[PDB]
Amino acid sequence: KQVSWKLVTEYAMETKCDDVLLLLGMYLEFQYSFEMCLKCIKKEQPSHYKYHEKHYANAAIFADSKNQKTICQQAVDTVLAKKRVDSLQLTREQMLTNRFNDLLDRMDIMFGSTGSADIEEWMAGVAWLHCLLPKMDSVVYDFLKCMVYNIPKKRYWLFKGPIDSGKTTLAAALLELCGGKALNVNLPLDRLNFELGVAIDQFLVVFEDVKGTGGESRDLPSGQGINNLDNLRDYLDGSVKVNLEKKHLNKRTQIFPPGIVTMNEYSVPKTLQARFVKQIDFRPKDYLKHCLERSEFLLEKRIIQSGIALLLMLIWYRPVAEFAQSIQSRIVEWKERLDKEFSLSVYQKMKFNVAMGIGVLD
Amino acid sequence: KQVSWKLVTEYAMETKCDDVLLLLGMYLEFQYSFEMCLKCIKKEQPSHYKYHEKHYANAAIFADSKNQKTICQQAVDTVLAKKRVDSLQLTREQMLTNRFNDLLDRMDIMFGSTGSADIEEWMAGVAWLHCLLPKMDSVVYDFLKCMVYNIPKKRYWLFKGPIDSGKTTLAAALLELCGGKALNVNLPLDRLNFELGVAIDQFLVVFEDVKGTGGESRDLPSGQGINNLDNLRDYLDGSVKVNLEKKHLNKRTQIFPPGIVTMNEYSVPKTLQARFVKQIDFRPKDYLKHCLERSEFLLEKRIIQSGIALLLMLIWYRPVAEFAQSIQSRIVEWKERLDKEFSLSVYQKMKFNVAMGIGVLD
Amino acid sequence: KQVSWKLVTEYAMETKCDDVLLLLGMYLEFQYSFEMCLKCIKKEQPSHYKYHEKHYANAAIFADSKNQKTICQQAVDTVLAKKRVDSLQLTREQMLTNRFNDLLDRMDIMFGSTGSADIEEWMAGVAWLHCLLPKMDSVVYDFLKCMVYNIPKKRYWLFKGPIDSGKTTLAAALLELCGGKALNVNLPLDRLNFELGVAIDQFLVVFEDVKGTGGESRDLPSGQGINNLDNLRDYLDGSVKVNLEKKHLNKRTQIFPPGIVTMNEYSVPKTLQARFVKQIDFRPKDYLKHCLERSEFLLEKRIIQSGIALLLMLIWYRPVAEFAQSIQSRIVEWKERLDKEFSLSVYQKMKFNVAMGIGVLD
Amino acid sequence: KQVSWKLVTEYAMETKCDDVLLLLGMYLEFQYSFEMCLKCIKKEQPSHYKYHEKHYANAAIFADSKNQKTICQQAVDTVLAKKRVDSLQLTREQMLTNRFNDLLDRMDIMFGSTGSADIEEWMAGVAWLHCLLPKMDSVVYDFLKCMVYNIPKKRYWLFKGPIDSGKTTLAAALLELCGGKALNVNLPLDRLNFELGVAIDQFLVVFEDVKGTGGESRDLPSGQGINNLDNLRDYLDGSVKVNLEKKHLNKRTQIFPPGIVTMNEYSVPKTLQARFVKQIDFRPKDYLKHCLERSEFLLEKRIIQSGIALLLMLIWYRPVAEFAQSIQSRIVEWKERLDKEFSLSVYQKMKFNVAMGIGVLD
Amino acid sequence: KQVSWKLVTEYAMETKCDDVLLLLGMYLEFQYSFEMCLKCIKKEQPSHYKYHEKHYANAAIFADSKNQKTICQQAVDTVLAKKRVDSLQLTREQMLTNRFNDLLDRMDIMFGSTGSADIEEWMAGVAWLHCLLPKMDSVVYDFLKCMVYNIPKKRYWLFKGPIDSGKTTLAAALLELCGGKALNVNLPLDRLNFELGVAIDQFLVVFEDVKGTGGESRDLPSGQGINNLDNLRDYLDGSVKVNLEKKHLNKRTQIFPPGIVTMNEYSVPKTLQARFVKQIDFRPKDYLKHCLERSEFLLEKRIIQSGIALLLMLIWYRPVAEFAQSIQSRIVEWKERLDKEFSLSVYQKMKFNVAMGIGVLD
DNA sequence: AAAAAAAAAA
DNA sequence: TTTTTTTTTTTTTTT
Ligand SMILES: Nc1ncnc2c1ncn2[C@@H]1O[C@H](COP(=O)(O)OP(=O)(O)NP(=O)(O)O)[C@@H](O)[C@H]1O
Ligand SMILES: Nc1ncnc2c1ncn2[C@@H]1O[C@H](COP(=O)(O)OP(=O)(O)NP(=O)(O)O)[C@@H](O)[C@H]1O
Ligand SMILES: Nc1ncnc2c1ncn2[C@@H]1O[C@H](COP(=O)(O)OP(=O)(O)NP(=O)(O)O)[C@@H](O)[C@H]1O
Ligand SMILES: Nc1ncnc2c1ncn2[C@@H]1O[C@H](COP(=O)(O)OP(=O)(O)NP(=O)(O)O)[C@@H](O)[C@H]1O
Ligand SMILES: Nc1ncnc2c1ncn2[C@@H]1O[C@H](COP(=O)(O)OP(=O)(O)NP(=O)(O)O)[C@@H](O)[C@H]1O
Ligand SMILES: [Mg+2]
Ligand SMILES: [Mg+2]
Ligand SMILES: [Mg+2]
Ligand SMILES: [Mg+2]
């Protein structure tokens with residue numbers, strides 16, 4: 001009997017593999033007899049134990065096949081095809097709702113019986129993040145609205161401030177919450193062309209720690225990053241479709257995604273400042289630093305960087321009526337869960353602990 | 001049974017699908033039965049609900065196929081071949097007439113009972129756009145005439161003015177009305193051959209926010225753009241055929257499209273000014289800014305940069321005899337629809353509100 | 001039943017089609033039955049209505065085939081192979097005679113019952129174009145003599161003059177008269193490889209706008225152009241073969257074609273200038289500008305740029321003995337036809353109108 | 001009978017072979033009959049004598065086959081697929097435990113009856129290494145734990161010190177112990193992309209002697225290293241997934257490995273210093289120099305550079321409980337072997353010897 | 001019946017086609033029936049009329065083939081393989097003997113019964129070339145011997161003299177006879193290494209117009225050629241193999257080819273002078289100056305710069321025994337053709353006329 | 001070399 | 001017609 005190419009494509013669609021080698025490796029694991037397999041007995045990785053029993057019959061025939069990478073490439077092309085359909089056909093609020101469901105699925109595994117995560121530690125991350133900027137929940141919601149509305153010159157936010165002020169921390173958390181890519185535009189213009197091609201069909205880009213000039217009076221070393229962004233100001237506007245490029249593929253024409261620019265206090269040209277709708281001035285705080293070294297699980301488990309921490313913040317602080325109709329059902333359930341496991345008094349003591357620089361759980 | 005490559009060519013041709021991954025994605029959605037399909041029920045996308053019932057039988061066989069991307073490649077090659085033939089064989093009047101028919105089809109769906117667009121909001125777009133440049137309806141007709149009369153060396157228009165003056169706004173509207181591609185020539189000169197290759201068989205190009213050398217007082221960052229356009233000088237002239245590159249394809253040779261250059265008050269060489277038949281000076285106006293702040297639907301729905309806003313402007317202001325004979329009958333219907341839904345007095349109140357800087361609809 | 005690949009190759013040879021997508025586009029239009037075919041009934045395009053009835057039966061089978069672009073590649077390669085053979089085999093007067101013969105075929109369909117041109121406008125172009133230089137008929141006979149004789153180190157002519165001097169209008173007409181290609185050599189020297197590849201099997205190349213060095217005293221931007229040409233000095237001399245790379249293919253070696261350099265008043269190094277045969281100093285005239293201004297049809301119909309206008313000028317001025325003995329059979333027919341259209345009086349009158357700076361007509 | 005592609009993939013997996021030509025050469029060795037095979041009788045290389053008898057039947061049929069590289073490519077693709085699966089799915093503690101197992105498998109061969117090496121020479125390495133830096137066993141355990149926890153922005157170490165001070169010695173030993181590659185960030189900034197592409201799927205990286213711009217007054221050569229490294233801030237941070245590229249391969253998105261920066265006493269900008277957890281001030285020891293001059297087998301055998309000498313240090317000094325529970329069995333066996341072969345007095349004498357700069361083994 | 005790929009390969013080997021399109025194009029011309037076709041009847045191209053007769057049957061079946069480019073590619077690959085075997089395995093005498101045979105067969109086409117070239121003008125070329133130096137036939141014959149023997153040190157010749165002394169004329173004639181290439185060593189040292197890469201696999205190289213440094217006390221432009229060339233000592237001597245690199249390609253090792261230095265009369269250092277075996281003082285001759293003007297067809301068809309003109313000089317002046325035994329039969333035929341058309345008295349009169357400045361050939 | 005685009009075998 | 005094998009370019013290097 002022949003290998004079903006349909007079942008490989010179905011597995012790739014269910015797990016959302018863009019990576020042809022990862023799909024090959026995953027599916028080859030399904031060779032071995034389901035009745036005994038240690039990974040399913042451990043329930044180690046969910047993209048295995050949920051799928052092995054279904055795919056075992058096909059994976060045994062797949063292992064005999066002489067064209068295995070051709071099968072996996074078609075399956076990856078089917079996942080890339082659906083992603084390009086979704087980008088052109090979904091409303092941008094549907095795209096965010098789809099990302100929130102994927103994060104809520106990940107939360108259901110993390111905080112259940114199987115998962116390692118302790119919501120007490122993750123909500124301590126919510127408390128630490130809510131102390132970073134004034135009215136942080138409103139900041140997050142206003143960012144989401146901006147990324148959803150995609151208003152044709154009002155699409156980018158600027159994060160500015162010293163070393164260890166929290167810019168990359170909040171940017172990486174918003175990058176996981178919305179989904180997107182990080183781009184390093186400090187590299188020279190002849191390689192920059194392929195860096196920008198990583199934005200093809202993405203929801204956000206974050207331009208991380210871009211360097212200007214005129215910094216040596218502050219011992220900030222100069223670089224080309226801000227001169228590179230001002231050559232790309234066509235891409236930051238998003239009024240017209242730009243032509244993105246990746247190796248061997250012909251150019252794709254699209255509106256370049258919304259995003260965040262993070263920098264130290266270099267000077268920004270007025271032409272580029274015109275592209276940024278809002279600037280957030282991050283300031284280092286002594287108590288946030290003292291709190292983190294007494295609360296090291298926040299850094300080790302990467303809680304303060306995680307989109308799941310900002311999503312928990314939105315669940316805790318925002319009204320139900322702000323979420324899209326599809327997720328409001330799951331959101332109401334998560335609000336009940338947080339009010340069951342924390343009183344307001346535990347959370348208010350967590351924020352008091354942060355302001356004192358004491359360990360968040362103390 | 002057997003997969004029909006012909007039917008995929010029909011769907012690609014009717015959808016006018018240039019992208020192999022988009023065609024693959026869309027056609028695979030037809031594999032599910034149209035008796036239950038929620039997107040046929042909801043009628044969310046016209047590229048689906050019109051076609052699914054016809055293509056279900058073939059999409060079920062396509063989903064079992066091992067050739068899937070090869071089937072899609074030939075269909076896409078047929079759509080690109082149809083554009084090649086049209087680009088050589090049609091007069092520029094007929095090419096523009098076809099683009100107007102395509103926009104009028106889209107207007108019918110958009111302003112019909114199935115559609116989401118309030119015609120009153122888009123006619124407020126016509127009012128805002130008409131206040132940007134004096135005699136803008138004549139500017140638009142003069143531009144269309146200029147792009148149809150592909151007169152060598154009298155082919156390109158220059159847009160000049162400060163930050164937030166309207167250059168990108170109007171160029172983006174003309175780009176959608178006429179059809180064309182935006183090009184960035186601020187990137188370095190070794191890489192531009194593949195940027196210029198996007199102009200193959202396009203009706204217009206727009207060279208967007210290109211940067212001058214010098215002029216670093218006034219805080220304008222210098223860049224290669226204007227020198228790169230003084231290079232490439234025969235591309236702008238269009239007396240001679242230029243040679244254009246796509247990856248894995250031989251050098252296509254054609255007269256490079258006419259177009260617009262938008263730039264931010266840099267100094268232009270006399271050699272390059274000799275290529276531009278008309279310069280438009282965009283000037284920032286306080287009342288347009290305050291009008292937009294109070295009538296934000298214009299930016300959220302992207303009305304003021306849409307080709308449909310300019311097409312509605314031409315339908316309102318130009319006499320029918322200036323449109324092509326084939327499209328007269330459809331345009332008389334639209335003039336009747338606008339005069340039915342709008343008096344002149346409602347529209348003159350809209351223009352009065354724009355000059356007042358209050359909300360255009362108030 | 002099978003496709004005849006030989007009928008597709010016969011169509012490509014008949015129409016001299018060397019673009020693979022254009023051949024696919026053209027031949028697919030034959031799949032509809034010719035008896036109701038509007039494009040045949042209207043006789044719009046000769047490349048369709050001549051051939052549809054013959055190729056219909058094969059195009060129906062071709063439309064069902066699964067390897068359509070392979071069939072077209074072989075047909076295109078047959079046409080490119082003929083162009084390659086005739087480039088190496090033909091005596092260089094037969095090359096120019098062949099090029100005249102299908103310019104005369106092109107004229108014969110322009111001015112016929114299905115025609116779309118006025119001989120008075122095209123001869124008004126001849127009258128205008130004859131004014132541009134002293135004894136223009138002798139100059140074009142000198143140029144064509146140089147291009148057929150192709151004497152080593154005596155192969156190129158230099159056109160210099162300020163803005164709007166006529167050098168591109170004449171080079172573009174000579175380009176169409178000989179059927180060369182225009183090469184932009186202002187790109188970086190390491191990336192001219194595929195652009196010089198366009199010169200393979202051509203009769204001329206025109207170096208439109210080679211930017212020089214030291215133009216600042218004249219407000220002329222500098223660039224790589226002249227220094228690239230001086231690094232191509234062996235290509236200009238033509239004493240040795242050069243190795244030209246073009247894609248889907250191995251490299252072709254040939255003596256590089258002769259040609260024209262057009263140049264806006266830059267400083268030129270003696271090592272370059274010393275090996276052009278003749279420099280023509282173009283300069284503007286007030287009466288030509290007012291004449292073109294008062295007779296817009298010349299520009300709109302591309303008359304003054306056209307090698308058909310220069311070919312008509314050769315009919316009107318040169319003895320019948322100058323043309324090749326084989327083409328004289330067509331030249332003598334056009335000779336009597338132009339006398340039948342125009343007396344010397346109306347020609348001299350329009351020569352006077354040009355000299356008076358009034359509209360060339362009447 | 002047909003060739004088993006499965007048995008080749010099995011050989012590739014058991015050998016961990018990811019070079020197509022090496023796999024082809026290795027499997028072609030097996031075609032010659034087992035009973036006669038001189039490589040099996042001499043027990044030359046374990047990758048042959050273990051596997052030949054099993055694969056001879058298949059290798060004879062492989063040696064006749066016409067698609068030998070296609071067979072090996074799939075087998076190499078299967079090994080690379082497992083590497084990419086394990087890269088995403090393992091915890092970093094398991095990655096390090098798998099590396100320690102592969103090292104202990106090497107140690108079995110090195111110090112066994114067939115082995116080629118003397119434990120006393122290698123343990124003299126442990127004594128020389130422990131004297132290089134104070135509390136070296138804690139420094140190495142703290143390093144392992146730092147690379148395993150991978151705390152963002154708290155995950156690179158700085159090895160700073162003058163000429164000949166042991167930096168590259170310890171870095172090479174740590175790089176073999178953990179696995180990883182060295183990077184030369186001093187290259188011109190265009191090359192930097194393909195340098196950084198070496199970090200793909202690696203557990204560590206080391207930046208070997210990054211040169212700065214300062215310190216000409218202390219006789220340190222200027223270079224671009226520190227300036228290039230400060231462009232890579234987000235690569236050192238590890239908060240965001242950076243987009244690495246190899247030659248011709250498309251961009252792969254991952255968290256950049258943690259690691260070590262080695263440099264002479266150039267000045268470090270505060271933005272780059274803020275990304276290093278620990279500065280280890282390496283300084284030259286008179287006694288280590290006089291010791292190596294009289295114990296040169298350490299250099300000849302490459303003992304002090306080797307991760308096996310650092311692993312022996314960890315087996316000697318650290319409690320059993322600090323190792324992963326999977327490998328504790330082997331660690332306990334190796335502690336008993338070391339206590340059997342070396343009295344503490346033998347090791348004490350070695351350290352007293354190197355402290356005096358006497359030959360370690362005296 | 002099936003196409004013989006062997007007959008296509010045989011045609012390519014007998015025509016020496018490196019070119020896949022030229023092979024395809026010529027072979028398709030054989031598809032027409034031999035009894036009637038015009039190119040045969042004209043006897044115009046020997047690469048057709050010799051071969052069409054036998055290849056007709058194969059070309060008819062080849063015209064129906066679907067593989068046409070694949071067949072020609074294999075045939076061309078055989079001719080390239082033939083060249084690479086000959087390149088590595090021939091003696092240097094055989095390489096020159098093959099160049100001679102190709103030139104004699106090219107001569108026999110030019111001068112035969114179906115000829116196209118006036119043997120008297122080419123013999124006036126011999127008379128003008130012989131007058132350029134004392135004992136020119138000994139200069140030519142000894143130079144050929146030097147390049148053939150390729151003796152270390154005794155390997156380069158210095159062509160020195162005033163401006164307009166014929167130095168580049170004679171070097172160009174020797175290049176075409178021996179099959180070399182020309183180099184520009186004047187460049188600053190940076191790009192010199194890619195310039196030396198021109199020499200890979202060439203038989204002979206010429207250093208064209210080597211500018212010296214010290215001469216500009218006179219009108220001689222000071223340049224770096226001599227001091228560059230002094231440093232290239234190992235390339236000149238040819239004792240040891242040197243690395244050569246073509247752009248974008250890896251280095252190859254070979255003995256750098258023998259050659260000529262062409263110089264204006266700069267001072268030469270003693271160390272460079274030792275590496276030339278002979279210096280030729282070219283001097284200006286007024287009677288040759290006036291002879292050129294009175295005979296200019298020599299320049300118009302470059303007879304006095306063609307390799308065939310020097311080969312005619314060797315055929316006229318040198319004995320049969322000095323030519324290679326393989327070619328002596330064709331040389332005896334060619335000697336008799338010159339003897340029967342030119343008496344020594346008529347040829348001596350040509351030399352006398354040249355010596356008198358009489359350009360008339362008589 | 002690695003991939004995209006393209007052609008041959010049974 | 002189903003299934004496997006082949007060619008060529010891009011990229012990279014270069015400036
Ligand atoms: N506001 C803050 N006050 C004190 N410590 C902070 C703050 N924000 C972040 N940190 C600490 O600094 C580390 C790095 O934060 P990060 O967001 O990368 O700083 P940043 O503003 O991006 N600095 P940089 O990227 O170097 O300009 C975090 O892991 C925290 O330990
Ligand atoms: N003439 C105008 N006066 C005031 N506001 C305007 C005007 N035109 C446009 N705007 C505002 O400017 C925004 C951007 O316009 P846009 O056409 O992109 O500017 P521009 O002239 O291209 N500036 P820039 O691209 O930076 O050179 C619009 O979204 C409006 O909010
Ligand atoms: N001798 C002339 N005097 C005045 N106008 C002229 C003359 N020749 C041409 N023109 C006008 O100049 C326009 C462009 O001529 P063209 O030969 O393309 O310019 P040019 O000299 O090449 N300019 P440039 O390419 O910038 O050097 C034509 O379309 C005419 O309108
Ligand atoms: N701490 C030390 N004191 C004295 N000699 C040492 C020390 N460590 C190493 N050596 C010797 O120095 C040699 C080079 O050591 P290595 O670790 O490569 O130096 P390094 O610090 O990397 N030098 P550099 O790379 O120039 O900064 C070793 O082979 C030893 O012979
Ligand atoms: N003895 C002679 N005296 C003067 N002119 C001559 C003589 N012999 C030949 N010529 C002509 O000299 C011209 C230039 O010679 P050529 O060899 O091209 O330059 P050259 O001698 O290399 N000068 P240069 O390159 O500046 O060193 C040719 O066109 C010859 O026809
Ligand atoms: Mg940062
Ligand atoms: Mg703009
Ligand atoms: Mg011009
Ligand atoms: Mg070192």
# chains A, B, ... in the order shown; residues from 1 in each chain; ligands from 1
>>> select_by_dssp(residues="stretch 175-217 of chain E", states="alpha helix (DSSP H)", output="list in words")
residues 175, 176, 177, 178, 189, 190, 191, 192, 193, 194, 195 and 196 of chain E
>>> calpha_fit_rmsd(fixed="chain C", moving="chain D")
1.1 Å
>>> closest_atom_pairs(of="chain B", to="ligand 8", cutoff="8 Å", atoms="only C-alpha atoms and all ligand atoms", output="Markdown table")
| residue | atom | partner | partner_atom_place_in_ligand_line | distance |
| --- | --- | --- | --- | --- |
| B:233 | CA | ligand 8 | 1 (Mg) | 7.9 |
| B:234 | CA | ligand 8 | 1 (Mg) | 6.9 |
| B:237 | CA | ligand 8 | 1 (Mg) | 7.6 |
>>> write_last_selection(atoms="C-alpha atoms", output="short mmCIF file (atom, residue, chain, number, x, y, z; two decimals), in the first residue's frame")
data_model
loop_
_atom_site.label_atom_id
_atom_site.label_comp_id
_atom_site.auth_asym_id
_atom_site.auth_seq_id
_atom_site.Cartn_x
_atom_site.Cartn_y
_atom_site.Cartn_z
CA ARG B 233 18.10 58.12 -16.96
CA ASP B 234 16.89 56.22 -20.06
CA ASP B 237 12.86 58.81 -20.93
#
>>> residues_around(residues="stretch 178-182 of chain E", least_positions_apart="6", cutoff="8 Å", atoms="only C-alpha atoms (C1' of nucleotides)", output="ChimeraX atom specification")
/E:96,99,144,198-199,202-208
>>> interface_residues(of="chain E", to="chain G", cutoff="12 Å", atoms="only C-alpha atoms (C1' of nucleotides)", output="ChimeraX atom specification")
/E:69-70,73-74,190-191,194,246-250
>>> write_last_selection(atoms="C-alpha atoms", output="compact mmCIF listing (two decimals), in the first residue's frame")
# COMPACT_ATOMS: atom_id res chain seq x y z
CA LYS E 69 18.23 20.84 -26.22
CA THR E 70 19.25 17.77 -24.21
CA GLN E 73 23.91 19.71 -24.60
CA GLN E 74 25.46 16.22 -24.56
CA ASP E 190 44.90 46.12 -5.36
CA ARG E 191 43.12 45.04 -8.57
CA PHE E 194 42.23 39.85 -10.79
CA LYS E 246 39.22 34.83 -11.91
CA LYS E 247 36.46 36.91 -10.34
CA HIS E 248 34.00 34.84 -8.26
CA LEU E 249 36.12 31.68 -8.83
CA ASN E 250 38.61 29.70 -6.76
>>> residues_near_ligand(ligand="ligand 6", cutoff="7 Å", atoms="only C-alpha atoms (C1' of nucleotides) and all ligand atoms", output="count of residues only")
7
>>> residues_around(residues="residue E:350", least_positions_apart="4", cutoff="7 Å", atoms="only C-alpha atoms (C1' of nucleotides)", output="VMD selection string")
chain E and resid 124 127 346 354 361
>>> write_last_selection(atoms="N, CA and C atoms", output="short mmCIF file (atom, residue, chain, number, x, y, z; two decimals), in the first residue's frame")
data_model
loop_
_atom_site.label_atom_id
_atom_site.label_comp_id
_atom_site.auth_asym_id
_atom_site.auth_seq_id
_atom_site.Cartn_x
_atom_site.Cartn_y
_atom_site.Cartn_z
N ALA E 124 50.79 41.81 -49.72
CA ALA E 124 51.25 43.15 -49.35
C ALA E 124 51.31 43.32 -47.84
N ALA E 127 54.62 41.82 -47.05
CA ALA E 127 55.67 42.77 -47.38
C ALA E 127 55.76 43.93 -46.39
N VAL E 346 58.23 39.80 -58.45
CA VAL E 346 57.05 40.60 -58.11
C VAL E 346 57.00 40.90 -56.63
N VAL E 354 57.19 49.30 -50.91
CA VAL E 354 57.07 49.64 -49.49
C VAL E 354 58.27 50.45 -49.03
N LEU E 361 50.55 48.45 -55.11
CA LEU E 361 50.90 47.04 -54.97
C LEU E 361 51.61 46.49 -56.21
#
>>> interface_residues(of="chain D", to="chain A", cutoff="7 Å", atoms="only C-alpha atoms", output="PyMOL selection string")
chain D and resi 6+78+81-82+84-85+149+151+190+231+234+239-242+250+271
>>> interface_residues(of="chain F", to="chain B", cutoff="12 Å", atoms="only C-alpha atoms (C1' of nucleotides)", output="VMD selection string")
chain F and resid 3 to 6
>>> residues_around(residues="residue A:314", least_positions_apart="5", cutoff="9 Å", atoms="only C-alpha atoms (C1' of nucleotides)", output="VMD selection string")
chain A and resid 137 to 138 140 to 141 309 319
>>> write_last_selection(atoms="N, CA and C atoms", output="mmCIF file, in the first residue's frame")
data_model
loop_
_atom_site.group_PDB
_atom_site.id
_atom_site.type_symbol
_atom_site.label_atom_id
_atom_site.label_comp_id
_atom_site.auth_asym_id
_atom_site.auth_seq_id
_atom_site.Cartn_x
_atom_site.Cartn_y
_atom_site.Cartn_z
ATOM 1 N N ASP A 137 -1.880 48.274 31.317
ATOM 2 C CA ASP A 137 -2.930 47.534 30.618
ATOM 3 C C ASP A 137 -3.532 48.359 29.489
ATOM 4 N N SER A 138 -3.686 49.658 29.713
ATOM 5 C CA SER A 138 -4.156 50.563 28.673
ATOM 6 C C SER A 138 -3.120 50.724 27.564
ATOM 7 N N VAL A 140 -1.001 48.356 26.635
ATOM 8 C CA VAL A 140 -1.083 47.137 25.829
ATOM 9 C C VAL A 140 -2.312 47.167 24.926
ATOM 10 N N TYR A 141 -3.464 47.530 25.479
ATOM 11 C CA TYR A 141 -4.677 47.589 24.670
ATOM 12 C C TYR A 141 -4.561 48.611 23.541
ATOM 13 N N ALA A 309 2.085 36.299 29.718
ATOM 14 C CA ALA A 309 1.973 37.247 30.823
ATOM 15 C C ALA A 309 1.162 38.485 30.445
ATOM 16 N N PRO A 319 -12.097 44.845 30.563
ATOM 17 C CA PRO A 319 -13.465 44.311 30.463
ATOM 18 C C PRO A 319 -13.621 43.225 29.406
#
>>> select_by_dssp(residues="stretch 139-200 of chain C", states="strand (DSSP E or B)", output="count of residues only")
7
>>> atom_distance(atom1="atom CA of residue B:160", atom2="atom CA of residue B:133")
12.5 Å
>>> atom_distance(atom1="atom CA of residue A:38", atom2="atom CA of residue D:86")
15.6 Å
>>> residues_around(residues="stretch 104-120 of chain D", least_positions_apart="3", cutoff="8 Å", atoms="only C-alpha atoms (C1' of nucleotides)", output="tab-separated table (two decimals) with C-alpha atoms, in the first residue's frame")
chain	number	residue	atom	x	y	z
D	100	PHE	CA	28.39	14.23	28.20
D	101	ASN	CA	27.29	10.75	27.14
D	123	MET	CA	44.97	14.01	34.97
D	124	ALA	CA	48.13	16.11	34.91
D	308	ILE	CA	37.70	15.49	28.23
D	330	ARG	CA	28.63	6.52	34.57
>>> residues_around(residues="residue D:268", least_positions_apart="2", cutoff="8 Å", atoms="only C-alpha atoms (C1' of nucleotides)", output="list in words")
residues 212, 226, 266, 270, 272 and 273 of chain D
>>> atom_distance(atom1="atom 3 (N, counted along the ligand's line) of ligand 4", atom2="atom CA of residue D:154")
28.2 Å
>>> decode(residues="stretch 58-64 of chain E", atoms="N, CA and C atoms", output="compact mmCIF listing (two decimals), in the first residue's frame")
# COMPACT_ATOMS: atom_id res chain seq x y z
N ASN E 58 19.05 11.91 -40.01
CA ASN E 58 19.04 12.17 -38.58
C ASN E 58 18.36 13.50 -38.24
N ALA E 59 18.62 14.54 -39.03
CA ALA E 59 17.99 15.84 -38.79
C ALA E 59 16.47 15.83 -39.00
N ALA E 60 15.96 15.05 -39.94
CA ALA E 60 14.51 14.91 -40.05
C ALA E 60 13.89 14.31 -38.79
N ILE E 61 14.48 13.24 -38.26
CA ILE E 61 13.99 12.65 -37.02
C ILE E 61 14.26 13.55 -35.83
N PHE E 62 15.37 14.29 -35.85
CA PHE E 62 15.66 15.27 -34.80
C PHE E 62 14.65 16.41 -34.77
N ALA E 63 14.15 16.84 -35.93
CA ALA E 63 13.12 17.87 -35.96
C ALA E 63 11.82 17.45 -35.28
N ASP E 64 11.50 16.15 -35.27
CA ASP E 64 10.35 15.65 -34.52
C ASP E 64 10.63 15.43 -33.04
